[PDB]
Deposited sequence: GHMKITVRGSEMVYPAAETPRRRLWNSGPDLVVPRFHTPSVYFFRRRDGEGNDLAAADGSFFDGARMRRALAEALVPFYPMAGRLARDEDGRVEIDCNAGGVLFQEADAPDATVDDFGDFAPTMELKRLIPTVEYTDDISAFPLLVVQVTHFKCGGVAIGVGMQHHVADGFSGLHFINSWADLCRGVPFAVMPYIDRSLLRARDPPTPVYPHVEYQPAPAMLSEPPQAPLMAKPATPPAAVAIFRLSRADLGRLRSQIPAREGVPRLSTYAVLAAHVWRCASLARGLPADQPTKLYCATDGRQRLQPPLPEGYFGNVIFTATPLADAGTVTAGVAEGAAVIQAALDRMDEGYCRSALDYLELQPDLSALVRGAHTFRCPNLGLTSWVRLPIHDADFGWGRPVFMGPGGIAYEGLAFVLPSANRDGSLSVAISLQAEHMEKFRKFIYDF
């Protein structure tokens, strides 16, 4: 257990006038998981070639500079400085009240960036993000909490906790990367678009699918300690996995996500010892920006996550990657404009969206969640002292939940960070390379 000492904490507020208003949240904003999404950045003090990355003025993640840029970033991104609240009907919304965000600095005088190893999202990493106390008062806590930790090596971590109602990964990183840009002294490219009514349902709502993704996950037909780990597959490993799927003249090419996801689903199902007739459901967060037509404004600030949920008997998934990948890709291919549009209507008709919130019961054995960050700009946060050498989830709250990460370098590898029951992880560790 690492010695981390927090220097002290500050609420940081927008540095100019911002609108005082209630901000309506869309259906997709309300069914993402509860609490604050964790992510952690690591930065080394030297670049690969060994030069010090401190700036000409000697600075290296100077807190004052970072806080000034943060306060500037919270002007156009002002809902990030707000608080949760409810409207008259009890629907959660964002109270844009300039309550501010938490920023704190810490020192870990004994540890180095090297000490974190593969950067698996264990509790070791979670300690790099401020802790939030949740009570029944949902207005009580900041929507954004940040910690900057300084290490013995001269390295730094930035831990980010971002309340999920405010933004999905694309919008959340749009904020962090804009903050980084300001800190670095460059204007940022894209102003956020703040109005979420663009994702309002049609009137009357007219859903035209069952929306399997919002139905209860399968239970076992028939508390445990939960382990967390990270596994890299090289570009060569990924190619060999793909080459195991027959290429036939009729049949269109499966996505890499579908191939890798099928492999993870297969390995997890085997590790868990699922019987062939056990239904299993895989939850795949899908970015609706790439699917809605016409597309949303470029800087649209919110969640645009729709959910693809391949569902099959475990015997199908474990029979082989090819069979699983076909099922996943079909589920992904369903998520077009017509489908995503229908989903908005379907959510509008629900008496209570809190019931659909994805959580532990969603992802746990026999089911799985596999969220890709591969196309997210997770490595673009250069505050003026270099790009991060790693970025990933700061923890995994739920057994059965996993992340696909792109490499921080150019080598074309992918990493899978995953939480499973401890006994199952011991098998999964072996199985993920057993092909």
Legend entry - Segments lacking C-alpha coordinates (deposited sequence numbering, starting at 1): 1, 224 to 235
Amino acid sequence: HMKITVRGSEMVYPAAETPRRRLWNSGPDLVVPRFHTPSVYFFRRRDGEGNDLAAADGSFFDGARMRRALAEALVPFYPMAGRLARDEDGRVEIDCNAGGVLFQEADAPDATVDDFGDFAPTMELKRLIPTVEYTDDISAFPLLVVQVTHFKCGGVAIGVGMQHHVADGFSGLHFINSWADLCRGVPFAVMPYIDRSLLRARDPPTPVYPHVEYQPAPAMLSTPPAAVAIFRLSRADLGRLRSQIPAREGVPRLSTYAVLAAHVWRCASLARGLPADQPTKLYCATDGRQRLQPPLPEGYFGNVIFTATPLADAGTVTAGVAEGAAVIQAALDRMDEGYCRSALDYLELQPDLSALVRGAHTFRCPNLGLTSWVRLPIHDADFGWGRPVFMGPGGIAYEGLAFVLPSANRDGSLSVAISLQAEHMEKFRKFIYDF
From here on, numbers count along this sequence of modelled residues.
Legend entry - Entry-level comparison of average CA B-factors, 389 to 397 and 40 to 48, reporting the higher stretch: 40 to 48
Inset, instruction - With reference to the PDB entry, specify whether the mean Cα temperature factor is higher for 371 to 379 or for 404 to 412. - result: 404 to 412
Inset, instruction - Would you mind finding, among 198, 317, 125, 80, the residue with the largest C-alpha temperature factor in the entry? - result: 125
Inset, instruction - Name the one of 121, 351, 169, 100 with the greatest CA B-factor according to the PDB entry. - result: 351
Legend entry - Ranked C-alpha temperature factor of residue 139 among modelled chain residues, by third: highest
Inset, instruction - Consider only the C-alpha atoms of the modelled residues in this chain, order them by B-factor as the entry records it, and name the third containing residue 223: lowest, middle or highest. - result: highest
Inset, instruction - Check where residue 9 lands among this chain's C-alpha B-factors and tell me if it's the lowest, middle or highest third. - result: highest
Legend entry - B-factor third for the C-alpha atom of residue 28 within its chain: lowest
Legend entry - B-factor third for the C-alpha atom of residue 112 within its chain: highest
